[PDB]
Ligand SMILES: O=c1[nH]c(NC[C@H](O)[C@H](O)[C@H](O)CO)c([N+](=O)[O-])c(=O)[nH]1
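Presented as structure tokens, the chain that follows is alone, the form deposited without the ligand.
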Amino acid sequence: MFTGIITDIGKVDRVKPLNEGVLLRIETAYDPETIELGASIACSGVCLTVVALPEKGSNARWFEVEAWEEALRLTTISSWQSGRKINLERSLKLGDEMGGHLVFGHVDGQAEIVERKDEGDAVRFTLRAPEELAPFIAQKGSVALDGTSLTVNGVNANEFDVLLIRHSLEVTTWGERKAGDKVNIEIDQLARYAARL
């Protein structure tokens, strides 16, 4: 699992279509020696499996992942092209600190940014959630948006707000986000227990 604390901003280097899937090569600051084949890396909130790493002796820093039919459909990955910057988070190991919330990287769908407002040390983003997810977005609840652990600041029907402190905008893809952008949305464990009920 993950926490929603982004540790790198990766860059989509290569996009190769597969039968009902895609192969992505992601440029990273992570050391590929510390990455295991088959490890899970959250790519803008999407849990994906590492399928390839640079050969022995190479100085290149990248990893390849595959995204299949369901992920291409539900998530923003269908839109990703070469040059796309994405949030990265490595999987948590037994005993690791968890600074955000419990993030599985099992994206529920997409939310749309409908407004972006500067508020001094933070930017307030207003998003539109899919109607099916809306009853499970509660004020003070933990939400993962492009893999970023955020607190729901306020709700208004299918709309909800999140506050992003300036530093978060610099160290995540949130700095690039604008009205009209789609982001991956994952509801927390508590909202899911309310959602299954």
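The numbering used is simple: start at 1 and walk along the sequence shown. Shifts are known only where both forms have a C-alpha. Rigid core here is just the name for the largest C-alpha set that superposes within 1.5 Å across the two forms.
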Notebook entry, point to check: Mean CA B-factor: is it higher for 178-186 or for 13-21?
Noted result: 13-21
Next item on the list: Higher average CA B factor in the deposited record is what I'm after, so tell me if that's 117-125 or 94-102.
Entry: 94-102
Next item on the list: Compare the CA B factors listed in the entry for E131, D146, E64, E170 and report the winner.
Entry: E131
Notebook entry, point to check: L72's Cα B-factor: lowest, middle or highest third of the chain?
Noted result: middle
Check: What third of its chain, lowest, middle or highest, does the C-alpha temperature factor of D161 fall into?
Finding: lowest
Notebook entry, point to check: If you rank every modelled residue in this chain by C-alpha B factor, which third holds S142: lowest, middle or highest?
Noted result: highest
Notebook entry, point to check: Split the chain's modelled residues into thirds by Cα B-factor; is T49 in the lowest, middle or highest one?
Noted result: lowest
Item checked: Third of the chain's Cα B-factor distribution that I6 belongs to, per the entry -> lowest
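The same protein also has a form deposited with the ligand bound, omitted here; what follows describes it.
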Notebook entry, point to check: Is the ligand in the deposited complex near all of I5, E66 and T148, within 4.5 Å of a heavy atom of each?
Noted result: yes
Next item on the list: Name the stretch, out of 164-172, 54-62, 129-137, 26-34, where some heavy atom lies within 4.5 Å of the ligand in the deposited complex.
Entry: 164-172
Notebook entry, point to check: Just to confirm, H106 within 4.5 Å of the ligand in the deposited complex by heavy atoms?
Noted result: yes
Margin query: Can you tell me if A111 lies within 4.5 angstroms of the ligand in the deposited complex, counting non-hydrogen atoms only?
Written below: no
Margin query: Check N158 for me: does it contact the ligand in the deposited complex (non-hydrogen atoms, 4.5 angstroms)?
Written below: no
Margin query: Residue-level contact is defined here as any heavy atom of the residue lying within 4.5 Å of the ligand in the deposited complex; does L92 satisfy this criterion?
Written below: no
Check: Does any residue in 19-33 get within 4.5 Å of the ligand in the deposited complex, counting heavy atoms only, and if so which ones?
Finding: none
Check: Are there runs of at least three residues between the shown form and the other one whose C-alphas all move 2 Å or more relative to the rigid core, and where are they?
Finding: 97-100, 138-140, 189-191, 193-195
